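Chain by chain, the residues run as shown.
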Amino acid sequence: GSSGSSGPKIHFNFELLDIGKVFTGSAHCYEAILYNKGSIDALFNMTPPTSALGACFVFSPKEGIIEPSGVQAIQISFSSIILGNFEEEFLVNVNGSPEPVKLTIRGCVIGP
């Protein structure tokens, strides 16, 4: 909608995902469902982070399509040795949509 800046058609089951504390040097298993509020096929894509703690994360599928009036499971994997809290932000490139689906993930890495 040219006028009245609107948002994307797809939306995550939640706004922010808290993973709490996580042991160092260990793989984390997480998921994220994405509902496509589009009439027809909706092209989506995940953009790589810039920070270090952000890269560690692995979102998939790196790209694809979310059928209309449905959902799409997102495989998330985080693993890093860098201790201490960290705050990153991921975006989802969508063809047409004015702005991507920003997703903030908060977590804390600790060790022995």
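Determination of this PDB entry was carried out by solution NMR, according to the record.

Under the annotation held in the PDB entry, the chain carries the name HYDIN protein and is attributed to Homo sapiens. Recorded in the entry header as its title is "Solution structure of the C-terminal PapD-like domain from human HYDIN protein".

Caption draft 1: Fine view of the pattern of salt bridges. Considering all chains together, one arrives at 1 salt bridge under this definition. When the shortest N-O distance is used, the salt bridge between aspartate 18 and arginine 106 registers 3.9 Å. Of this pair, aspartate 18 sits in strand β2 (residues 16–23) while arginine 106 sits in strand β10 (residues 103–110), placing them 88 residues apart in sequence. Accessibility expressed as a relative area gives 43% for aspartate 18, which makes it partly exposed.

Caption draft 2: Fine view of the packing of aromatic side chains. With the rule as written, the count across this model stands at 6 aromatic pairs. Here the aromatic rings of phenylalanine 57 and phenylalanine 78 are separated by 3.7 Å at their centres, their planes lie at 5°, and the arrangement is stacked. Of the two residues, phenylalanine 57 sits in the loop between α1 (52–56) and β5 (58–60) while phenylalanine 78 sits in strand β7 (residues 73–78), which places them 21 residues apart along the sequence. Each member of the pair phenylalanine 57 and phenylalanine 78 is classed as buried. Summarising the aromatic geometry, the rings of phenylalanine 59 and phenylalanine 90 are spaced 4.2 Å apart at their centres and angled 50° between planes, so their arrangement reads as tilted. With a gap of 31 residues between them, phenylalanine 59 in strand β5 and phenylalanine 90 in strand β8 (residues 84–90) connect regions that are remote in the sequence. Taken as a pair, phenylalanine 59 and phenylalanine 90 share a single burial class, namely buried. Among the aromatic residues, those joined into a ring-pair cluster are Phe57, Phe59, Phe78, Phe86 and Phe90.

Conventions adopted
Residues numbered from 1 in each chain as written, not as in the entry; some residues may be left out. Heavy atoms only, no water. Salt bridge = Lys/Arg side-chain N within 4 Å of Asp/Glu carboxyl O. Helix = DSSP H or I, 4+ residues; strand = E, 2+ residues; numbered from the N terminus. Buried < 20%, exposed > 50% of the residue type's maximum accessible area, 1.4 Å probe, protein only. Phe/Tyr/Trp six-rings, centres within 6.5 Å; stacked < 30°, edge-to-face > 60°.

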